[PDB]
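Q: model the structure of this input:
(2 chains)
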2 protein chains.
Amino acid sequence: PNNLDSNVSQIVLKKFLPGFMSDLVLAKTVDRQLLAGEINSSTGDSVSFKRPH
Amino acid sequence: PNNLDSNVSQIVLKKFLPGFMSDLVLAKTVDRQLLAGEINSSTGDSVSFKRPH
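A: Residues are numbered from 1 along each chain as shown, chains lettered A, B, ... in the order given. Sure, the structure comes next:
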């Protein structure tokens, strides 16, 4: 009987399978444009808006 | 009593009756691109891919 398996090597191909993933729906729908760029270096770490009368 | 059976011959026409079939839907819809060509004579009897992190 032949024994060949030291002739060859155990190969890990360079490819990845797919992972799982998740949906981002809250981010898209909350308010975006109102707080954009408002907290910056002149502001310190918070800022405020006005409640109605 | 005429005896005519040597006058004619037993014919088998050249046509076949239709036979039963089956369909291949699993081979069509699993993956092929990935594993194609990857087991060859440098490989031995098996090959490995990479789980994502």
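
Q: what is the burial count for residue A:11?
A: 15 (other CB atoms under 10 Å in any protein chain shown). Backbone N, C-alpha and C define where each C-beta goes, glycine included.

Q: how close does it sit to chain B?
A: When distance is defined by CB to the nearest CB, to the nearest Å, residue A:11 is 6 Å away from chain B.

Q: same question for residue A:41.
A: Relative to chain B, residue A:41 is positioned 36 Å away (criterion: CB to the nearest CB).

Q: now residue A:2
A: Taking CB to the nearest CB, one finds residue A:2 at 13 Å from chain B.

Q: likewise residue A:36?
A: 33 Å.

Q: pop out the phi and psi values for that residue.
A: phi -80, psi 120 (degrees, to the nearest 10).

Q: and for residue A:26?
A: In terms of degrees, to the nearest 10, the main-chain angles of residue A:26 are phi -70, psi -50.
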